[PDB]
Structures are given as C-alpha cells and as structure tokens.
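> test case, fold it:
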Amino acid sequence: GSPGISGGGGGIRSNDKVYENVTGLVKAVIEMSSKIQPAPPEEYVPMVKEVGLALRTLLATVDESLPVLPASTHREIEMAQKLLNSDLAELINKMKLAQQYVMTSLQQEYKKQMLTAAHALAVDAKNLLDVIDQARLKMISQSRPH
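Residues are numbered from 1 along each chain as shown. Right below this line is the structure:
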C-alpha cells in the first residue's frame, strides 16, 4: 500500500516494510501497555520479544534498505536504524524495573515510561522510517552524493 497521489518533486514516499514492522511494533506499545492492566506482570521481557522483534524487523528492513539503495542512502539508514536502536535500549530498561517490582509502583510508573520510550519507539520509528522514506527520495533529489 504505497500512496503517491500527492507529494511533488521529492519528500517522503514509500511506506515500505519498515512501516509494516512499525505497524507491529507500535501496536504493541499502546495496546499491550493496557493489557498489563488485567495481568499486572507481563514480565515485560515477553513483550520485549514482541516489540523487539518488530523493531528489529524494522531495523533489518532499514538495514536491508542500506545495500538496496545507492551509497548516499546508506548513511540515512546508518542514522535511523541506530537511533531507534538506542531508543529500544531505553524502552527495555524502564520496561525492566516495571516487571521487577511489578508488585508495586514501578509496574505502573516504569511501564508508562515503557510505553513512553515505546511511544518514543513509535515516534522515532515514525521518524526514522520517515528518514528512509526521506532517504530514498532525498538521495535522488540530491546532486552531490548519490
């Protein structure tokens, strides 16, 4: 499902598999966030498996985007897949102490921080993806490095 009815001479345009890995990853963020409500300890790491897999699938679609496009686009994939890379690293840290003391305040606090860093995951998975949607057309729109 690639939309190209409007845009112009460039911009972000593809809505590639990176978005479908983000369909999976982001949906987990908000949805599972409240599924820890009925069942307090998700163990969170289990969902780390769910979103980690989705955002690594994302990273691999971005990584795969690195050698599918010319040398220029390589460095947008460099920046983007690394960015959420460390973002996912904070997601898991807050996610971590939430289940550790899921018995208490951490659970609710840390998991909110979890879906906050996962809404950061969502935000930057939007952004970084937008960066490859950017990357592909911006490197074509570029004159110097291609």
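
> what sits against residue 131?
76, 79-80 (C-beta atoms under 8 Å, 6 or more residues apart in numbering). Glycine gets a C-beta too; all of them are placed from N, C-alpha and C.

> give me the buried subset of these.
Among the contacts of residue 131, the ones that count as buried by 16 or more other C-beta atoms under 10 Å are 76, 80.

> just to be sure, which of the contacts of residue 131 are found in helices?
Applying DSSP state H to those, the entries found in helices are 76, 79-80.

> which strand or helix spans residue 86?
Per DSSP states H and E: residue 86 is located in helix 74-100.

> next structured bit after that helix?
Downstream of helix 74-100, the first helix or strand assigned by DSSP H and E is helix 105-141.

> tell me the one of the ones in helices among the contacts of residue 131 nearest residue 135?
residue 76 (3.3 Å; C-beta to C-beta).

> not counting its neighbours along the chain, what's nearest the closest one?
residue 135 (3.3 Å; C-beta to C-beta, 6 or more residues apart in numbering).

> what about that neighbour, neighbour count?
By other C-beta atoms under 10 Å, 27 other residues sit near residue 135.

> any idea how far it is from residue 116?
The gap separating residue 135 from residue 116 is 27 Å, by C-beta to C-beta, to the nearest Å.

> wait, residue 80 touches residue 132, no?
Yes: applying C-beta atoms under 8 Å, one finds residue 80 in contact with residue 132, separated by 6.0 Å.

> shared neighbours, those two?
residue 62.

> enumerate every residue touching the residue nearest the centre of the chain.
Central residue of the chain (C-alpha atoms, centre = their mean): residue 125, 3.0 Å from the mean position. Applying C-beta under 8 Å, 6+ apart, we find residue 125 in contact with 21-22, 25-26, 55, 58, 84.
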